[PDB]
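Have a look below at one chain only, the form deposited in one PDB entry, in structure tokens format.
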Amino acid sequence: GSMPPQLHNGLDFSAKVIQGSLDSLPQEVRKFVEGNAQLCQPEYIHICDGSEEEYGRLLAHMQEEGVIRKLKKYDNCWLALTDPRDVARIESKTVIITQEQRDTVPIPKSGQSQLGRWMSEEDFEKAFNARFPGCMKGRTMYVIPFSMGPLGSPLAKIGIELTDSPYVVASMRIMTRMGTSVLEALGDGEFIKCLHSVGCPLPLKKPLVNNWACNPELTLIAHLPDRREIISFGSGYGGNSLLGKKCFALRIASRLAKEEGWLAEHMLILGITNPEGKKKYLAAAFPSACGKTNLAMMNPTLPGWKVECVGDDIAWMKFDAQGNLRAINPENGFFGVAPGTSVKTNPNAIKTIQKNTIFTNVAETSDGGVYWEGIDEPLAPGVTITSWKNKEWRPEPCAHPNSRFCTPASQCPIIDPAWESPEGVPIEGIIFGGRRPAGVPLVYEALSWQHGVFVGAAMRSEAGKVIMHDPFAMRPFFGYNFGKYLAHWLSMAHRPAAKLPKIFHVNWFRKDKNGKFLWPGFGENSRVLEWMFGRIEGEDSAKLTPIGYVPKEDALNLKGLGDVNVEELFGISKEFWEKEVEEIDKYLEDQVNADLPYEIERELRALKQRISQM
């Protein structure tokens, strides 16, 4: 862009650019960079090119400073340990700004909305002014041009993220497609403006904990969809600071999707091939901590079946002119929960993460390896453990429960051959599910599209234990009014040509009276996928129940599993389901209230009626 006029010398930041050129940026990109440089007052501006050289030297620099540590047991892997105050998404500090609250969340009948957190324009302006002015003093502002989705995909969207965090730059290189080719692709087109600061201008006003810059007290993750802006302050945790990951991927994108006729969802996408050489793509929405990444990367136990991964967390889906629901993974890597990852639960992740991977908040072994609860593999005698709190550790956990790996998707040994195809992959089934220790069978199939949207809406999951509502696995992620999101989903049925995928609901987590899992899960979930596959093909493998279709007796391949109690696992109790429908009723009435579509109320009535006839 052109240099700003000025009567002095404070508006043109060209002299502070240490990589790239403001003159070579598209005009609106310059305005965005320079405007926020004027506000935040960085010492330098670094326009990222996405090169390996850039990445390597950035990592070595963070290593110099003791912000990250190299994990010498592996190939170009690194470890970051955070301030324990900055370890996860903070829902109560995550907001969406719109002129009217109702555009962001439905106005609940009696209670406080659980479906979003609206902040008024006025309150945000005040919050912004109390945080950003001068916030990058002494620091580099990195400019990260990135694509969500394969570059030039009709489904891809571009952002520009400004950050003062080299951790964010590195992790964004993994999780998005970033650098100079994106700027060239963008040209004078539209982009999402993403502004991030850790909120710790130099000289530091407060002590740095574990060399991890953050400002917990002023942490605020804001989304301004009508301005195409994401503005995040105070947190370096990836869900808050890698603005592609959730802010763009789900919150802003779900609104774009609403406006433009597509869907942005908290879904893995996998391809599954059967022993007759037929392949189908499925998407699945489970809440956080409910096993999407395991499913997405599944190593199936059934001989002759293959699973390949398109993505593990976000799906952007659009019906094409032929009526196929075409999906892309708009991400470039996996940002996956480390604890519980083992050769038993996710052998393909174990494979993936030993090269070119950044770990955050896991334990470190004395030989430069990684450790966490549930890794389920022993250390040689001699090898010792430093916890994620940077203390010597022996059996508090050694790793934070939301510690994660950040790894390139291209390295997954079962990455799908079409995982970067710009036209996307055709989704033939959508799976919902969560943690239900009681009452909910292993798998059922919705009766219709409308029933299936109700099934998404009615999702609940265990957090004494609390069973929480998490509709579509989107509860913390809706970019706009959920009622209107339901209507948008329902509207897909009225597209002539649309080939509506079959909708299923699974429960890997049903327990017997002793608290033991009824179902072995993991690779054994391939048997559930086989049933779904056949159902999509039209097989006569279902029996009707009040909640939807379930597998016929003998329909599920249980060879290996005579130990498994199909009776308790597929049991449907009138008493449980009477209570279930009442809770769903109460929830939807309060939380969706005047914006609850007729079709969803109708499905509630119908389920009530079917249960009444038991």
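Here, rigid core means the biggest group of C-alpha atoms that superpose within 1.5 Å across both forms. For every residue, the number given is its place in the sequence shown, counted from 1.
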Answer with none, 1 to 3, 4 to 9, or 10 or more: how many deposited residues between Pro395 and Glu396 are not present in the coordinates.
1 to 3
Deposited residues omitted from coordinates between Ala321 and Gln322, as a class:
none
Avg C-alpha B-factor, entry values, 151-159 vs 277-285, higher side is 151-159
Average Cα temperature factor in the PDB entry - higher stretch of 209-217, 266-274
209-217
Which one of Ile584, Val550, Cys40, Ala60 shows the top CA temperature factor in the record?
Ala60
Using the entry's values, work out which of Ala606, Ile18, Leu596, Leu11 has the largest Cα B factor.
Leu11
On the chain's distribution of Cα B-factors, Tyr74 falls within the third called highest
Would you check the entry's CA temperature factor for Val592 and let me know if it's in the chain's lowest, middle or highest third?
lowest
Can you tell me which third, lowest, middle or highest, the CA B-factor of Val564 falls into for its chain?
highest
Please rank the C-alpha B-factors of the chain's modelled residues and tell me whether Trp118 sits in the lowest, middle or highest third.
middle
Tertile call for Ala487 (CA temperature factor, within chain, third-based) is the lowest
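From this point on, the text means the form deposited in another entry, which you will not see here.
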Shifts of 2 Å or more at the CA atom, core superposed, between the shown form and the other one: which of the listed residues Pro378, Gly111, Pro275, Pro417 is the one?
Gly111
